[PDB]
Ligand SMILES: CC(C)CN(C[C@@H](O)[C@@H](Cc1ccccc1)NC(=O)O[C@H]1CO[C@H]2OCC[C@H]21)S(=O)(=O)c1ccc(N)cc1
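Given as C-alpha cells, the chain that follows is alone and in the form solved without the ligand.
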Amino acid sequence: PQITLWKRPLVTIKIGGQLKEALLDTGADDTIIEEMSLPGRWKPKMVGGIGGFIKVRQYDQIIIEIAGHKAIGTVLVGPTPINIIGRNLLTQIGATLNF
C-alpha cells in the first residue's frame, strides 16, 4: 500500500499469536513493543528516545507479521507509550519514504 500521513500510520501486527496495533516509525532505529511474554533468552539494551534513555529486553529472531507481511528479527520489549515498528523491520518488508 501507499500510506499518507494525515493520520498516524497504524497497522495491525501479529506476534505470539496475538493481534496488536503498532506505529510504522521511520524515526525509530529499532522495533519496541509493550510488555509481553516472548520466547528465548534476552540481552540487555539501552534505548534512547525524546526524554532520555530506558532499559529494555532484547529478543532475537522473533517471528512477526506486519500488516500481512512476515518478518523475522530483533524485537525489544519495554515501557513504550505505543508499539513501534522501527527501521530494522521496515526494511524487511521493503518499506520506503517517497516525496
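Residue numbers here begin at 1 and follow the sequence given.
There is also a form deposited with the ligand bound; it is not shown, and the following applies to it.
Although the partner is absent from this view, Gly16 stays clear of the ligand in the deposited bound form, with no non-hydrogen atom inside 4.5 angstroms. Taking the partner from elsewhere, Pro44 is found to have a heavy atom lying within 4.5 Å of the ligand in the deposited bound form. The ligand in the deposited bound form is approached by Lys55, whose closest heavy atom lies within 4.5 angstroms of it. At least one heavy atom of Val77 is located within 4.5 Å of the ligand in the deposited bound form.
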